[PDB]
Amino acid sequence: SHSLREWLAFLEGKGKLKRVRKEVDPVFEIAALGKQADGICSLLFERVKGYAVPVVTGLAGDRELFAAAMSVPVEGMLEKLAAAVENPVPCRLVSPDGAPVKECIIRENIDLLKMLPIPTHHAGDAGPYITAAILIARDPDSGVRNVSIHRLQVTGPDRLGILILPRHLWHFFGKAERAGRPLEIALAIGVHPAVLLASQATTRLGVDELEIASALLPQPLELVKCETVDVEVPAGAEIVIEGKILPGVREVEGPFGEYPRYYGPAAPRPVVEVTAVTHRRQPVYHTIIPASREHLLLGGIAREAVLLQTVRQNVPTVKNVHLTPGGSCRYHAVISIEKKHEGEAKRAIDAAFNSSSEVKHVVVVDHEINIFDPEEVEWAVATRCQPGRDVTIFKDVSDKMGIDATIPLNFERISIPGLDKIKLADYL
Amino acid sequence: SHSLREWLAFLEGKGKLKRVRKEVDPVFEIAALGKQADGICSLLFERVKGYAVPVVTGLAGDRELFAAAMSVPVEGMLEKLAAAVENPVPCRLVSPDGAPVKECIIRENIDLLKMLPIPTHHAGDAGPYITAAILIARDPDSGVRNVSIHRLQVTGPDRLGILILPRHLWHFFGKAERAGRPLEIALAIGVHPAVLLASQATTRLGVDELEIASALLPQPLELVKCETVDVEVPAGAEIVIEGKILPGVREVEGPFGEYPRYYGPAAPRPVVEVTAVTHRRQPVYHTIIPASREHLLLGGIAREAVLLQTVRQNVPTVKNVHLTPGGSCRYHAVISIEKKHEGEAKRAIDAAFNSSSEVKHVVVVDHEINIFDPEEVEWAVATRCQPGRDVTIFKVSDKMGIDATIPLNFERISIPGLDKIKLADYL
Ligand SMILES: Cc1cc2c3c(c1C)C(C)(C)CC=[N+]3c1c([nH]c(=O)[nH]c1=O)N2C[C@H](O)[C@H](O)[C@H](O)COP(=O)(O)O
Ligand SMILES: Cc1cc2c3c(c1C)C(C)(C)CC=[N+]3c1c([nH]c(=O)[nH]c1=O)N2C[C@H](O)[C@H](O)[C@H](O)COP(=O)(O)O
Ligand SMILES: [Ca+2]
Ligand SMILES: [Ca+2]
Ligand SMILES: [K+]
Ligand SMILES: [K+]
Ligand SMILES: [Mn+2]
Ligand SMILES: [Mn+2]
């Protein structure tokens, strides 16, 4: 119930899952074929050289599918996401007996690369990477639960290197290693997209992203206890890897192809020792190809929800916001307003820059411009921006720019009568 | 030989011409159906309500077809066009006997709307407009020949309103009206796309765009004398309308749906009296739908050729230029350079702004960015522009330059085998 498998069923019946029955190499070929499907359809690789386990990529690659994953029309997606962040819903603990992720359990002679078709994605990558695992951990002093997604380099049979940015997991790990103790974690792979989307919520220090996922789903998310660590994982996941981040240890992780289409450099980083693996009988392995639409939209939609709220606080006339793919759904923002007073553009711009330190470039347009169409936003810039009046620059870590491409308060688009009414097919 | 009719044959055998056998109204419906084919294929309307004459639109709607019209691959289009501008080739004057455009000649009781299926394109338009006529005229003092395309409002049986922007024809007409004389002109409709493309060259004051067209074609363009005016027109055109712009007369022309997807406002403007119409037996009438890909690329390609040359003068490391469709193939420029020294971005920007008054926004990127892909240019701006260092603003329109090149002293991620492996062969 609201598992990856049901999501794959939903995609199949919509003709947005295609299978690939011919054998593929997990080294580069999965990523290469996945890139050609980016944004059009999900691919299920039924034969991966060296493995009985299939690989799925591109579960959702456009805003219509993420809206479907949340049971909303596109129009309501951002508000539904912000409502889930504001009002989390408890998860239900469930028995391990009959939980699909407990069907097979491995505690000895663990070899991750032997069990799982973990791909190698881009040319410069140090080796195979796990890119779609939600990482569940608890604060070792306050006990609160956090979920985030981290790249994990497969460095041995039972060892992973992990990039941890200075956010919540880092805070937890900091506390474990001041006490000289490991931090217990669980990794879950093959979950519903709503759960992945929930793992990208940026919140204050103590809100459990699994509870956010619970609010987005039709029923509460069902959890089960791990075998070897005191952590909870989604009962319906495909695969769970249990382990611990080792105190003090630093090993070289990287380099790795990342979201902005550049390499993340190699450096000494924490290490996870894996103490168990559990999975469904005949699991599906999910990978996210870095810088794909799936990768960009996961974080993007979450950042857009926050951006809409921040901008709406200061500019109640805001109709919509979009973090463009060109900007890695992060650096570039387009904001539509139903403008009433001159001065609204500047306020929307100032608000976008407080949404996150990442936003670098902001364009503001009138409500009738479709901000999801780059050609129409460019047209609005071309015809409605006078740069001496309409451009502000922030100099001083990143420079930033704001562009007011709204019509001044005191421009009708040309059209052809009959164009909705008449179809070229009926005349040929 | 290198007529509109041969061009339509070339499009048919490439599956890029579709015929429309059902009757269509020239008022709005041609434009509406044409807009749905914009950029996919040319349409020949075989039955236009009220007329024996068919209408063709969208002769070329992409850079591949304009390259074919010039007998070049896309990669060489801009250089081939600039070479033709630099080295024009004389036209051949030819006898009126046997010239196809002389087959039928009308000198009396001329009613343009009765003879020709002249469309009404957009809702706000003042009436039917001729949008694909090349206008040939000579300087009444220096005698040099010019070609340009002007919208012509059909205002009576033998009368047209004309928008003339302050460029070469304006200069000529200025001189005719200080002498109190009309300016004799000819309008040709239904020509090969190379000729239309040549009419959009922006040159210094005395180079004959018909000679540019001659250089682009496989053999020199054949011209013939007009019946009632001292002007030359293409022998192979479908239709020629002869006449004169009247000295002093000003009548309201407009409004009209234009290139940037806004209405051009109504105002008092010059007027053409028509003194004759000649055509092929059973002519085809060509219309250009305003703001279509055909409209935008005709002007765009010509402005890109000139822009590449101007920028190359000061920045020999320039690889390519693109005027984006977002900017109406006019306002927004993307310039790729193989950068050697810091400072090349600023020089490319400063040169683009002197190329033409119209360019408003310039982005400079490294040679490996595909400048025809807006998402990849945006990505370059997102990752390689620091606006405190990389944005210059010039203060009629303000202008902005963006340097989105890598600073000199950033590898793009990639997947081995991606050219070699095809999704269709695996599913
Ligand atoms: C969706 C997604 C998010 C990644 C991510 C990727 C994906 C697909 C990759 C797997 C393909 C590779 C890089 N990732 C990392 C990352 N954060 C981090 O600290 N280390 C990472 O390696 N991020 C961002 C991180 O998951 C989010 O910013 C979290 O919301 C942080 O959560 P928190 O606020 O609870 O700490
Ligand atoms: C291709 C094209 C070019 C038009 C044009 C259109 C087309 C389809 C229209 C017909 C559909 C609507 C508006 N047009 C006009 C126009 N120039 C002008 O002075 N008045 C106009 O009405 N332009 C631009 C003009 O033809 C070019 O700038 C010439 O190169 C100017 O030539 P010149 O340098 O010899 O003066
Ligand atoms: Ca503005
Ligand atoms: Ca730069
Ligand atoms: K999170
Ligand atoms: K011209
Ligand atoms: Mn958190
Ligand atoms: Mn000229």
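Readers should treat all values here as calculations from the given coordinates under stated rules, not as data from a laboratory. So basically every Cβ, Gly included, is an ideal-geometry build from the backbone, and we count neighbours across all protein chains shown.
Could you give the C-alpha radius of gyration of region B:308-363 expressed as a fraction of 2.2 N^0.38 Å, taking N as the number of residues it contains?
Working: Rg = 10.5 Å, N = 56, 2.2 N^0.38 = 10.2 Å.
Output field value: 1.03.
Report, in debye and to the nearest 20, how large the dipole of region A:301-428 comes out about its Cα centre when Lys and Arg carry +1 and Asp and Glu carry -1 on their Cβ.
The calculation lands at about 280 debye.
³J(HN,Hα) across region A:241-246 via Karplus (A = 6.51, B = -1.76, C = 1.60, θ = phi - 60°), whole Hz, x for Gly/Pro?
10, 9, x, 8, 8, 7
Please enumerate, by chain and number, the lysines with C-alpha under 28 Å from the C-alpha of B:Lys16, excluding those fewer than 8 residues away in the same chain.
Partners within reach: A:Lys421, A:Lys423, B:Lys35, B:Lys49, B:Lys80, B:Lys422.
Assign one of three labels to the protein assembly as shown, namely rounded, prolate or oblate, based on the Cα gyration tensor with a ≥ b ≥ c the square roots of its eigenvalues; rounded applies when a/c is under 1.5, prolate when it is not and a/b is larger than b/c, and oblate otherwise.
It is prolate, given that a/c is not under 1.5 and a/b is the larger ratio.
With only alpha-carbon pairs counted, each pair once and no self-pairs, how large is the Kirkwood hydrodynamic radius of region B:115-192 in angstroms?
Details: mean 1/r = 0.0730 Å⁻¹.
Roughly 13.7 Å, rounded to one decimal.
Excluding residues on the same chain fewer than 8 positions from B:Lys340, give the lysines whose Cα lies under 20 Å from its Cα.
B:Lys319
If we restrict to alpha carbons, what Rg and Dmax does region B:301-427 come to, in Å?
Here Rg and the maximum Cα pair distance are 15.9, 56 Å.
Out of A:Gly50, B:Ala60, A:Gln200, whose Cα points farthest toward the positive end of the dipole of the protein assembly as shown (charges: +1 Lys, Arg; -1 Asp, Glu; placed on Cβ)?
B:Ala60
Please state, to two decimals, what the Cα-based radius of gyration of chain B comes to when divided by 2.2 N^0.38 Å (N = residues).
Details: Rg = 22.8 Å, N = 427, 2.2 N^0.38 = 22.0 Å.
For chain B, the normalised Cα radius of gyration is 1.04.
Given H placed 1.01 Å from N in the peptide plane, which residues other than close sequence neighbours of B:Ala276 have an amide H under 5 Å from its amide H?
Residues meeting the criterion, in which the H sits 1.01 Å from N, are B:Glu242.
Checking the a/c ratio against 1.5 first, then a/b against b/c, what shape does the Cα gyration tensor give for region B:1-134?
oblate
Quick one: Karplus J couplings for region A:69-81, per residue in order, coefficients 6.51, -1.76, 1.60, θ = phi - 60°, nearest Hz, x for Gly and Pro?
4, 9, 6, 9, x, 2, 3, x, 3, 5, 6, 4, 5
Looking at the protein assembly as shown, what % of its DSSP beta bridges pair antiparallel, to the nearest 5?
About 75 percent, rounded to the nearest 5.
Where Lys and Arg each count +1 and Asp and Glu each count -1, what net charge lies around A:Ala305 among other residues with Cβ under 13 Å from its Cβ?
Values: positive: A:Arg63, A:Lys80, A:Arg303, A:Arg312; negative: A:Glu79, A:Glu86, A:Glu304.
Value of the local net charge: +1.
Taking a point 7 angstrom from the Cα of B:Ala126 along the C-beta vector, which residues in region B:156-186 have backbone N less than 13 Å away?
Backbone N within reach: B:156, B:159-164.
Given an 8 Å cut-off on Cα distances and at least 6 residues of separation, report the relative contact order of region A:161-218 as a percent. Numbers along the way, then the final one.
Values: 21 pairs, mean separation 13.9, N = 58.
Computed over region A:161-218, the figure is 24 percent.
Just grab the label-to-label distance for A:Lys319 and A:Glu358, each label 7 Å out from Cα along the Cβ direction, in nm (one decimal).
2.6 nm
Enter the mean projected area of the convex hull around the alpha-carbon atoms of region B:211-340, in nm², rounded to one decimal.
Orientation-averaged projected area of the Cα hull: 11.8 nm².
So what are the ³J(HN,Hα) numbers for region B:215-226, from phi and the Karplus equation (6.51, -1.76, 1.60; θ = phi - 60°), rounded to whole Hz, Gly and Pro as x?
Karplus values, whole Hz, x for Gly and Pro: 4, 7, 8, x, 10, x, 6, 8, 10, 9, 6, 6.
Among A:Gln386, A:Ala305, A:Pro325, pick out the residue whose Cα is farthest towards the positive end of the charge dipole of region A:301-428, where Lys and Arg carry +1 and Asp and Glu carry -1 on C-beta, about the Cα centre.
Checked the options; the winner is A:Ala305.
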